[PDB]
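Notes follow the structure.
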Amino acid sequence: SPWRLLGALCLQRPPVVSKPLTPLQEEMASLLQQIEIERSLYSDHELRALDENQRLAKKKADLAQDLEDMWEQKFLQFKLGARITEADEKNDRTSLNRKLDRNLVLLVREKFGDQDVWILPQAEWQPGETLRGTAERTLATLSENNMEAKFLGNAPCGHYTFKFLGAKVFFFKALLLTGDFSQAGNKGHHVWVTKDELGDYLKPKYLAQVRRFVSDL
Amino acid sequence: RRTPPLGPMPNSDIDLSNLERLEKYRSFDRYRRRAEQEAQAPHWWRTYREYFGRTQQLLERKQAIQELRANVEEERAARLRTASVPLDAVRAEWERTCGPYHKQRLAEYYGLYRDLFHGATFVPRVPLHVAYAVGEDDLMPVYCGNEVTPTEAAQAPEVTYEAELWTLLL
Amino acid sequence: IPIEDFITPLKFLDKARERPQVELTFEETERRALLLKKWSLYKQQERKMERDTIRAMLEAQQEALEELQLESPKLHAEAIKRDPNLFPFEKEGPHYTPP
Amino acid sequence: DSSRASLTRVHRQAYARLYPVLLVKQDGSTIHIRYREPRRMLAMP
Amino acid sequence: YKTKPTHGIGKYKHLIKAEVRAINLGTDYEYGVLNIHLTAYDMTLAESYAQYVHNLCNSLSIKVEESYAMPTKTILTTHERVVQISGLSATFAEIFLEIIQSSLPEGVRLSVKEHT
Amino acid sequence: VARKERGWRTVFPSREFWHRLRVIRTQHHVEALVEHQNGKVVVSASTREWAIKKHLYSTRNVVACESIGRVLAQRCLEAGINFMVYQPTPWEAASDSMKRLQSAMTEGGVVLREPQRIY
RNA sequence: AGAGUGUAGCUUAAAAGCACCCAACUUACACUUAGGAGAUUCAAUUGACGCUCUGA
């Protein structure tokens, strides 16, 4: 049987920004700070605050506030880098900073003749080619950039085989170390997706079942 | 001169090549559990035992306990471990539900069936109540296997039981 | 060299007199109790989620290796082969504010 | 899930106070850390 | 007794194993001993995350040889915890590493370095 | 006057009693037995029993053990049984729920120590 | 479209027992102690609700 030999890849972005907390985690975190304070053992900061004003009361009867005030105003000096470049953009699907707290997945339109499918990015392999090397060739081909990804193993992640000439489709999983993603406004249709749009952009059984090996968290 | 074992040897099926891949008894208590289970099983060697030996109910019960755990004083009392149990409700409902099987155990332990009927076991369905008059104020009850003096049992007892003919025997 | 830093500093002995006062109320320990109860609920639901993910992904990769085995008997031998690029494998933890 | 190993407490008992001082190394990258004398921000030059 | 069928019913030393390179021979491949260093400016997040790693490893049937810690350094102080691991699969290398990646709290880094 | 099985000195528990109180704490349920040396369960009280289960909040806590101690003790006074032996493991001895169980039994009317054999 | 079907994770358990989670002792694990959440898909042995496999 003539097998249409197809390789692919599922690209991952590790979130640089941590996730926000649950309100239950808020009450638990506050509780752990309370009970953490309750079992501490004479910090010198309060020894240079509590007994010092006692001794000043003894001197007046016969600075920690400046340190806190300087720390407060210097806290007001450096503004935080905002964790949300996410709602202001709202349509920068091609951009790498679409989301910061979740994982982001590369996802590319392909126009065929018998089909016209929005596909998790593929490649075509040769029996001489290593499957890991198929995915390595898959990296710096379609995007046309200077990224830096990272694989883990020659183990695959998700396999889907469709026919109309036999075929098979192999899904690996890479991981972006860094990215010199030059000219992000490409002619290509790469879109970064958290999890939810993967059920939106990808309808059929060979594509509505990708999320069962996407690291959902 | 080896003779081969008659049935299966113990510690045969768990005997593998990778013990470190086998999860172990981390405790003393689990070994005591498994160990008692293996004690109760019939074996082929000589052992000590040879020589010295409907839907509405679950519905109303689930809604009943579900209503029981919902009250705040029950949870607050139970977590402060000052909650108790009314012994009387448990007594009367025990008289109703599973009491007969327990009176069957007490009649089997006291040898009432091997002696009274040559082993013909049965189940005391009727929650009988017998008590002897102790003067005029109080009265000594007869439960299954109690101690009662013959002074208390000098006069024939009061018998009350909730039922609808009957022949009673002592 | 067996030098560790679990040894306690000597200064934490003498002036242990700042907080001898630990008093609460009934409803404070009630809400604390409800945080521990519902937080064990929350954490248990979390490990149910993660166990579901390891089950799903692990069966996904085993099914994948089965299909790759039965569709290419010279690629499942090399799918098991390990990478020498995973000796110095690193990843730093996430942050808050992007550079 | 970057919040599991964050909900912590000092598991020792011979420990002093710690205070959630936001640290930046060089990159405008803030992390909550606990340090002596309740600082609010840090920068290593 | 040596001639009875119940001979050796009381033996137990085959049930206790009363007693490094990687094993990647032809089909069954596994890493050798590892080291996972956890460095943080916090005792709490490093210890607690080392707990979460250790309880994962016990919950996924992995030999965890040690879970010791390294001494700190005068700099701020940098804390380290070393949680050794020996023996994974091809799939289980990926699935095992992705969770440790996807569970880091705050700025605490990893290492899949091996022994020596 | 009757014999107790005197032997069994290398093995836990001792078989030297006439009646034993054996607590079986499962994951869900506390259970309490009163047995002979035969293993003939004389008197039981479990929380797997509708009469006792419905008056409880949770079938496993210290309240469950104090409850099953009251119920077990009342059930054993009416069986003509006044002396058990309770032999716990040294962690189950120092548990709160078994101290509460023993206090329930002793306050109930049962002495948890048998009289000696008269030779 | 057909086929296999079905108790919470597992059960030739019948509303159970192990699994599971938090809290405490432990660097940590483990033990132990205190707690927590649990289910027989809906109607009459039978049909129809949900899953898996084979189809287009």
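Throughout, a chain's letter reflects where its sequence line sits, starting with A, and its residues are numbered from 1. Note that these values count all heavy atoms, side chains included, but never hydrogens, waters or copies made by symmetry.
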Separation between the [atom1] atoms of [N] and [M], rounded to whole Å:
{"N": "G:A39", "M": "G:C18", "atom1": "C1'", "value": "15 Å"}
{"N": "G:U33", "M": "G:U40", "atom1": "P", "value": "31 Å"}
{"N": "G:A37", "M": "G:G17", "atom1": "P", "value": "16 Å"}
{"N": "G:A16", "M": "G:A23", "atom1": "P", "value": "27 Å"}
{"N": "G:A30", "M": "G:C22", "atom1": "P", "value": "10 Å"}

Review point. Here, do G:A19 and G:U5 pair up as Watson-Crick or G-U wobble, each distance under 3.5 Å?
Key: no
Ring centres of G:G47 and G:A48 closer than 5.5 Å, with planes less than 30° apart? yes
Check your understanding: Are the six-membered base rings of G:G4 and G:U5 less than 5.5 Å apart at their centres, with planes tilted under 30 degrees?
Key -> yes
Should [N] form a Watson-Crick or G-U wobble pair with both distances under 3.5 Å, which nucleotide is its partner?
{"N": "G:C53", "value": "G:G2"}
{"N": "G:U45", "value": "none"}
{"N": "G:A16", "value": "G:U11"}

Quick check for you: among [options], whose closest atom lies nearest to any side-chain atom of [X]?
{"X": "F:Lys53", "options": "G:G17, G:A15, G:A56", "value": "G:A15"}
{"X": "F:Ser58", "options": "G:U32, G:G36, G:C20", "value": "G:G36"}
{"X": "C:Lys43", "options": "G:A34, G:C18, G:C21", "value": "G:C21"}
{"X": "F:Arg48", "options": "G:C29, G:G17, G:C22", "value": "G:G17"}
{"X": "B:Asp29", "options": "G:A30, G:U32, G:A34", "value": "G:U32"}

- request: Could you tell me whether the side chain of D:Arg12 has a donor or acceptor atom within less than 3.5 Å of a complementary atom in the base of G:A28?
  value: no
How many whole angstroms separate atom [atom1] of [X] from atom [atom2] of [N]?
{"X": "B:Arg26", "N": "G:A19", "atom1": "CZ", "atom2": "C1'", "answer": "10 Å"}
{"X": "C:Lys48", "N": "G:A8", "atom1": "NZ", "atom2": "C1'", "answer": "7 Å"}
{"X": "F:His29", "N": "G:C18", "atom1": "NE2", "atom2": "P", "answer": "10 Å"}
{"X": "F:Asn61", "N": "G:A37", "atom1": "CG", "atom2": "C1'", "answer": "15 Å"}
{"X": "E:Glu66", "N": "G:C29", "atom1": "CD", "atom2": "P", "answer": "16 Å"}

| query | With respect to the phosphate group of G:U33, does any side-chain polar atom (N or O) of F:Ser95 fall under 4.0 Å of OP1 or OP2? | reply | no
Of F:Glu31, F:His29, F:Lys53, F:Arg60, the one forming a side-chain hydrogen bond (donor to acceptor under 3.5 Å, both in side chains) with F:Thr47 is F:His29
Here C:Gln44 makes its side-chain approach, under 5.0 Å to paired-base atoms, in the minor
